[PDB]
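Just below is one structure, and these are the notes that go with it.
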Amino acid sequence: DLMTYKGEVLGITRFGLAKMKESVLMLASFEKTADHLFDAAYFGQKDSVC
Amino acid sequence: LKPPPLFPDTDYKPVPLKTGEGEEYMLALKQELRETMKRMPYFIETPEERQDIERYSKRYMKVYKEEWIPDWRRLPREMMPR
Amino acid sequence: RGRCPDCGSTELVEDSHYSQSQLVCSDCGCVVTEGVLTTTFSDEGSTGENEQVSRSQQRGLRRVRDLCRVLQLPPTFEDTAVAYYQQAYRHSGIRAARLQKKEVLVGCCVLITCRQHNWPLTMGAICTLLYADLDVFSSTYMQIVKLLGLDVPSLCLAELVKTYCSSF
Amino acid sequence: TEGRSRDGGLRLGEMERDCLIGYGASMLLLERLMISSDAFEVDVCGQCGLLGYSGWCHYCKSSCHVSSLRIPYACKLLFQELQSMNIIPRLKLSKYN
Amino acid sequence: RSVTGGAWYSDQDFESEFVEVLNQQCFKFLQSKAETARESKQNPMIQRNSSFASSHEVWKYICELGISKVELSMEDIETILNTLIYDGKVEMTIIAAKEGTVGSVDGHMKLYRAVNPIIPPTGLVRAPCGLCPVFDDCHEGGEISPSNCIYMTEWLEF
Amino acid sequence: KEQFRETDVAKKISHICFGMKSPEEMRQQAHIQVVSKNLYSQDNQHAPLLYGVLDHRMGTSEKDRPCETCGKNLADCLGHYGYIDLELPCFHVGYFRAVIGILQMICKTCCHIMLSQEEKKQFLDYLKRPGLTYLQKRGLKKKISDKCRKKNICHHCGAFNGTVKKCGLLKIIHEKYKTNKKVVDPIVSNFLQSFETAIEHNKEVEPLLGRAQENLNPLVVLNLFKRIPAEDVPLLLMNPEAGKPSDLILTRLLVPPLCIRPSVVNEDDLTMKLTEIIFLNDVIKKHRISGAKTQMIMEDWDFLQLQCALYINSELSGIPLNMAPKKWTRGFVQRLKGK
Amino acid sequence: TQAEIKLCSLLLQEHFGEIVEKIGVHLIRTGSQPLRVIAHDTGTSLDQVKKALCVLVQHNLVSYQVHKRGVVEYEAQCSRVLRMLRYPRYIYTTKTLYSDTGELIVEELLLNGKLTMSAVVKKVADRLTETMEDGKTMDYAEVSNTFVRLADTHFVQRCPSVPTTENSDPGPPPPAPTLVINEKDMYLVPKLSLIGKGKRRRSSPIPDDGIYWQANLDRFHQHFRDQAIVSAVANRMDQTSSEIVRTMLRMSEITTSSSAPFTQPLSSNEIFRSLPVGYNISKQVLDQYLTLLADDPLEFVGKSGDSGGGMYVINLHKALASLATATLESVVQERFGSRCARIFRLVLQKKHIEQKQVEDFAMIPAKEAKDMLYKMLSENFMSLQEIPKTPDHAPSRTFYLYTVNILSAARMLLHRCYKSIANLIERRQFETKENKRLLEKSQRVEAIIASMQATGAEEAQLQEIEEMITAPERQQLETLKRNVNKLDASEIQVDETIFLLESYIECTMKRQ
Ligand code: SF4
Ligand SMILES: [Zn+2]
Ligand SMILES: [Zn+2]
Ligand SMILES: [Zn+2]
Ligand SMILES: [Zn+2]
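Residue numbers (the deposited numbering), protein chains in the order written: chain A, 1292 to 1341; chain B, 32 to 113; chain C, 4 to 48, 58 to 180; chain D, 1036 to 1132; chain E, 159 to 316; chain F, 3 to 267, 275 to 348; chain G, 2 to 205, 227 to 534.
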């Protein structure tokens, strides 16, 4: 069920993860770190500790 | 070694003002008007608030004001001044 | 800290039972009752600040190094002779002197260096290289030594025979 | 520190931080990873959202906004690290309840 | 010429003084001609000619003054004046070659005239932040502020 | 008598808020500037310089003195900052994609984004849409960039635009006044006339002038972003309160605390890596009183740009073999990278 | 567009208080929205937002409009908000063309936002009666004469009227009346039933109901550039050209759009008769003058033909270009030196050129000229074409020709001007604020002197009230006044450059 709750099959991949999670640090921890970091600063994203 | 001063010197110095009478009159009329038109009820300062205790002085030197009169036939519905 | 819990300790020294860092103190046979965890380095991977130096002066330095590498002797002789060259290259007359005097200088420095470490050597061996002449380099030697007032041993008699006799 | 050659104790990789969650324990994980290991305390200013020191915010030039938090030292390092790259993790503080 | 550098290139130095005095005195003469010509004040259509000096005329005048002991040349002077247009001081005109001894152009000859600037100094240059070299950093929130800028204030005094 | 004092308040983190800093904000944060390429006194003591890097006023890296700022020893000094300033602007690398995106999105003549008022209404409505997500922001970025890139004319100013193209790594160009496959407009005559003096004094330009392109450089780009309409800001999906388009380009850098980069052996990567930057900056500074030609000028500028690019990271690809990276280097990206 | 916001915000606070200013700033940063979300964003009560927005509509800094699904929003006017510092010049202009009556008229027009003719004429008359004693009065007839003269000259005009809402869309009305405008009566005055004179007021029936009017600023703007061109020609050749250009334009006023790059040509035959009788120039001398003027290489005016006598046309756009170039030349000249102007003018004429091709022309030697040129790049006045010689594009194989663009220059210069103006004004405000103690003390002692000044006067209060530390401090306040005067003058002596610059920039757009 986890893979399909979003109305689409989202595999366990760097691409799926981006399409599935929202917080910043866990993206930055996994892969494509610097890209995520700079894009986040660009967007001015807030992030909750949740 | 020693970072320069905050204000480095300048060889040039600003051109001095040209004198002009009607302009100086205008100069005077500027400082007059900016203090004058602030009376117009379009200008707003804070409403009165936070008085200590009712003392009949407030009855005698009371402030007077009456609600403004805009054109009630030109602005949207909620325009009522209250 | 500094004190033991209250009284007259002021010193700090290290001791620890097992893989730790605690600050021995010596008014109580104690550890300032505190300790602090040492912080250290490693598991990754003498100054720079090198003066650009006058072009002819570093030409002289290059001659210095190329010279004593003839003796293929410990680099420390190189380094201390270079330090002596820098010490000498601080005077107007030395700067204004003709370059021949500087060339004999790069040899007299090594001479004094070897003498300090009583390494056997003789004038002729050095002067065969520098295009030197007895008057020139002897006078330059006297001038430098009496200018800097440096102490230096003499040629010990038995010092030179050891290498000399082995040359037969 | 690293290991036996230089007095380093033990390492607890990711794959045990996973089993701690598996069981679901929370105070054990919190203790083992930030209390015992490398706990540290830092100071921040609520008004601007930046770090400070010794009960004073150099940015706002004021005292009435600074406060002290607990924090794993690695994360304080990280917050001082990003700023060099001009990525600024500003902070919003809140009541502990 | 790339070796000699002319009468202005001296001991491989530049004779700034000769060229500067040439410029200023030539403009002095040119504006004298312009003012005297317009003092005829009869007709602008005749001032179209009267107000303009000939390059040979000004060359004759300057070499007649003989301030420089070194010789003054036709094209050398003409270029000396040629700086003035970009100095924003003068105007140019061209005619047939019969003017003067030289007729310095193919079948043509050219003239020169002094000009009025179209506006006085502007207001902005009277403002210290028209001049303030850290205008960019002189911020209310910055340590360079109108409350603290020192030029900002010395402008008050003089 | 005494005034009441709140001793402490039990507090907890609510959010992190990532965002940019402006040159002026960077000034305000800094404790000191650093304006020297050298680091130690030439004397025997090896003492740090006052206005050079490793100024202990910025922090501490030893067990035997506090920093001159916080006044306490290494056990507690959080660290501090200094800052430096470049002579000429330089791109940030990390945001280079952002710069090219922005140059692509905007009309060059008048700085507005080439949208229809209907399009403005639609996209501001989407902005109003509650619950906007990162992914959604990606979606809007895509769609609006699509409907803009297909434009050639500008509604606002009354002119058309070329296109943005790279001209090698860390460099960018725009295809405005080249000869056009749709045949040149009469303004080709104006281009040609503008080259008249250059052609006459240098005929070798004539074979080349047909291949001209908008030679935009970091300085003009920064200048351009200084004039973006405030209304047009958020539609770039930037939160105007987090970071404003001015800050995507830089003119100053923070020199991070010593405890970030303890230097004992006695060098450190960041330390000497940044010594490089400051040295090359002083070199171009001296060059500013040199009487030099143009080539070495813009070359020194691009050297500064290269040096900063290294100062961020190390795996940059497109550098010609004459000034390639000399050895492995741990820039910030590389010390966050990997296991 | 920061400095714009800074200037407009501080001005708005100056003239309408620190309560409405926040609404104004948020509006200009959001364009238009309904009051609901506006109050949400401001965190401000409905009544406050209303008592602001009503004023911002009275002075039409914000409009209102009914939008899709019937939602009303209020539209910011980015230029209106900041025109205000031009009011000085409007007042000067009206008093210059007309007597003090026109100035007392306009000062009202802008102060009240809008007025109906009965209201404005009565109000000005009453206050006029305050200006003279002995029962002297001024009739409505003269006031109406000035009013009709102004309306005919189109310096003042009617507001947008309400549509025929009383007889349309029966049933529930729209949320707002959605006013409309028409040119047909755009300067047509009403016949008022009020008659007689102004009357002095107790300080404690409308025939023109709803007929409001407001000044036509652009009429002044048109007039300003007319002054500019006539002054330029007078400076360059002689006042006679000033008169002839004035004649041509005063007839051209209606022969072309206010922002067209050109006018339709008049004949020297019409000019010869439209020129004042005070000028004795003959027709042949007039035509020869016109030929000379059309022959000017600056080409502000051209011939364009000879039908029905000498055809001649003004080329406004180029004139604005001429003065724009000239002002930028002057600013660089004073800011950096004449030599800068020389090199600049070289590059301006020689649109592409290299350094090794100008030093001879500039005659300044090396190691000063090259860096001199380079530093101009720092401020973006200068550009470089850098045409490459190869597909390699290496620096050793490209030509470094310089280049200019006036548009970019005016655009960039604007920021410095706006920020400098804000600097002056906020400097005054800071200085006054830190002087508020001294200002309070001075005003207190001046009020005390005003008391018993002449009525109930006595000597025991006419030497004591200035005896204290105010004696050296009064000059401090007077020095503050001198500084105020200096920077106040700089205001009027900054923004004319601004006027010409905005004119020249706005005419550059084609708005396709
Ligand atoms: S406040 Fe400073 S920057 Fe502004 S005008 Fe005055 S001196 Fe110049
Ligand atoms: Zn004891
Ligand atoms: Zn703070
Ligand atoms: Zn510290
Ligand atoms: Zn455009």
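Ideal placement from N, C-alpha and C gives every residue a C-beta, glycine not left out.
{"query": "Selected residue, minimal CA-CA separation from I1123 of chain D, among A:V1300, A:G1298, A:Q1336", "result": "A:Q1336"}
{"query": "Cβ-heavy atom distance, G11 of chain C to ligand 2, below 8 Å", "result": "yes"}
{"query": "Alpha-carbon to alpha-carbon, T165 of chain G and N183 of chain G", "result": "13 Å"}
{"query": "Anticipated Cβ contact below 8 Å, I243 of chain E with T349 of chain G, distance rounded", "result": "In fact, because the Cβ distance is near 19 Å, the residues do not count as touching under 8 Å."}
{"query": "Contact with chain F by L1328 of chain A, beta-carbon distance below 9 Å", "result": "yes"}
{"query": "For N238 of chain G, the nearest candidate out of G:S194, G:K192, G:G359, G:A152 (CA to CA)", "result": "G:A152"}
{"query": "Members of the segment 60 to 82 of chain B near chain G, C-beta cut-off 8 Å", "result": "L60, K61, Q62, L64, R65, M68, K69, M71, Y73, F74, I75, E76, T77"}
{"query": "Runs of alpha helix (DSSP H) lying entirely within the segment 101 to 134 of chain G, each at least 4 residues, in chain order", "result": "101 to 113, 118 to 130"}
{"query": "Contact with chain F by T59 of chain C, beta-carbon distance below 9 Å", "result": "yes"}
{"query": "Top-ranked residue by Cα proximity to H266 of chain E, from E:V177, E:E315, E:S213", "result": "E:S213"}
{"query": "Cβ distance (whole Å) where residue 223 of chain G is taken to contact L308 of chain G below 8 Å", "result": "Coordinates for residue 223 of chain G are absent, as chain G skips straight from 205 to 227."}
{"query": "7 Å Cβ cut-off: residues of chain B touching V37 of chain F", "result": "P34"}
{"query": "Three-way DSSP call (helix, strand, coil) for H1093 of chain D in this model", "result": "coil"}
{"query": "DSSP bridge partner residues for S162 of chain G (one or two, in chain order)", "result": "G:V181"}
{"query": "The segment 73 to 91 of chain B contacting the segment 34 to 41 of chain F, beta-carbon criterion three pairs below 8 Å", "result": "no"}
{"query": "DSSP state of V292 of chain F mapped onto helix, strand, coil", "result": "helix"}
{"query": "DSSP three-state assignment for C33 of chain C, whether helix, strand or coil", "result": "strand"}
{"query": "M250 of chain E - partner residues in DSSP beta bridges", "result": "E:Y270"}
{"query": "9 Å Cβ cutoff, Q261 of chain G in contact with chain F", "result": "no"}
{"query": "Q1082 of chain D Cβ short of 8 Å to ligand 3 heavy atom set", "result": "yes"}
{"query": "Beta-carbon contacts of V216 of chain E that lie in its chain and below 8 Å, excluding the five residues immediately before and after", "result": "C184, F187, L188, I235, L239, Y270"}
{"query": "Within-9 Å CB hit, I1056 of chain D to chain A", "result": "no"}
{"query": "Neighbour list for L48 of chain B in chain E, Cβ cutoff strictly below 8 Å", "result": "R284"}
{"query": "First through last residue of the beta strand (DSSP E) which encompasses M333 of chain G", "result": "333 to 336"}
{"query": "Neighbour-count burial assignment, residue 138 of chain B, 16 or more Cβ in a 10 Å radius", "result": "Any property of residue 138 of chain B remains undetermined from this structure, which presents chain B solely from 32 to 113."}
{"query": "Rounded separation between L406 of chain G and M307 of chain F - CA only", "result": "11 Å"}
{"query": "Buried versus exposed, by CB contacts within 10 Å (16 or more), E115 of chain C", "result": "buried"}
{"query": "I286 of chain F versus F:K23, F:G170, F:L90, residue with shortest Cα-Cα distance", "result": "F:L90"}
{"query": "Top-ranked residue by Cα proximity to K199 of chain E, from G:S525, G:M259, G:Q306", "result": "G:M259"}
{"query": "Residue ranges of each alpha helix (DSSP H) within the segment 108 to 143 of chain F, 4 or longer", "result": "119 to 130"}
{"query": "Nearest-angstrom Cβ-Cβ length linking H1100 of chain D and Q1082 of chain D, presumed shorter than 8 Å", "result": "4 Å"}
{"query": "Three-state class that DSSP yields for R202 of chain G in the structure shown", "result": "coil"}
{"query": "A161 of chain F: CB within 8 Å of a non-hydrogen atom of ligand 6", "result": "This structure lacks ligand 6; its bound ligands are ligand 1, ligand 2, ligand 3, ligand 4 and ligand 5."}
{"query": "Per-residue burial, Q497 of chain G [other beta carbons within 10 Å of its own, 16 or more giving buried]", "result": "exposed"}
{"query": "Any chain F beta carbon closer than 9 Å to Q1118 of chain D", "result": "yes"}
{"query": "Between the CA atoms of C112 of chain F and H158 of chain F - distance to the nearest angstrom", "result": "7 Å"}
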